[PDB]
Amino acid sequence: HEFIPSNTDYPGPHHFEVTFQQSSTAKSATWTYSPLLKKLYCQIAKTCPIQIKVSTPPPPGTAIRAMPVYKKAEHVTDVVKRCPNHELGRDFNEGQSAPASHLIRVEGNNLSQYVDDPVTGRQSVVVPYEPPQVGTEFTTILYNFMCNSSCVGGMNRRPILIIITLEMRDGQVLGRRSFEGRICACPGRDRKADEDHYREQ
């Protein structure tokens, strides 16, 4: 019933938080997060872990969904999916059990459920909430992004926000955050160029 996915930050009754672990300080590493820009620069198809933190545990069976959305108004109503070349190629989709049309995957979780909504057409991925590891702060989730932002046919050169929601089994939203995501072959240089440009300006 939500043809515009909500994008606005919502700290839940549980202060829901999404953060990133030791991103490279090097241009080298395949993913990096700009705290300044609230932006993730990642590389196509590579593992990209996030940290969720909450102030109190949610009820059992609570889940965490990741749903990509186009940021610009003329694109906001366009469902974000894999470009046809990636969707129908050989490279990743055939081994994996996740559906080929999906942009966002989860690594290492076998309760992950890949959702295509019949009414809204939105593509998303859900995992059950797990409390952190014993004596730790954060619950880590491993994502894989399956097109570059640059990919034609797919989300071509349009910028996307990644919405992470904490949800009850009902679907009821208990928390929500988002950040801009960029998938490309040079996340360190791109991060610097954007940061340099933002600061110049």
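One-based numbering along the sequence shown. The term rigid core refers to the maximal set of C-alpha atoms that superpose within 1.5 Å between the two forms.
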| item | value |
| --- | --- |
| More shifted region, core-based fit in 7 other deposited structures of this protein, 23-31 vs 50-58 by CA | 23-31 |
| Higher C-alpha RMS shift from the shown form in 7 other deposited structures of this protein - 120-128 or 94-102, rigid core fit | 94-102 |
| Mean C-alpha B-factor comparison - 143-151 and 23-31, higher one | 23-31 |
| Residue range whose averaged C-alpha B-factor is higher in the record, 54-62 or 39-47 | 54-62 |
| Highest-ranked of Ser101, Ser97, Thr120, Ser112 once sorted by CA temperature factor in the record | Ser97 |
| Peak C-alpha temperature factor (PDB record), options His75, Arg105, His86, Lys81 | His75 |
| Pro132 - which third its CA temperature factor falls in, relative to the rest of the chain | middle |
| Assigned third (lowest, middle, highest) for the C-alpha B factor of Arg182 | lowest |
| Modelled-residue ranking by C-alpha temperature factor, third containing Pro68 | lowest |
| Chain-relative CA temperature factor third for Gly175 | middle |
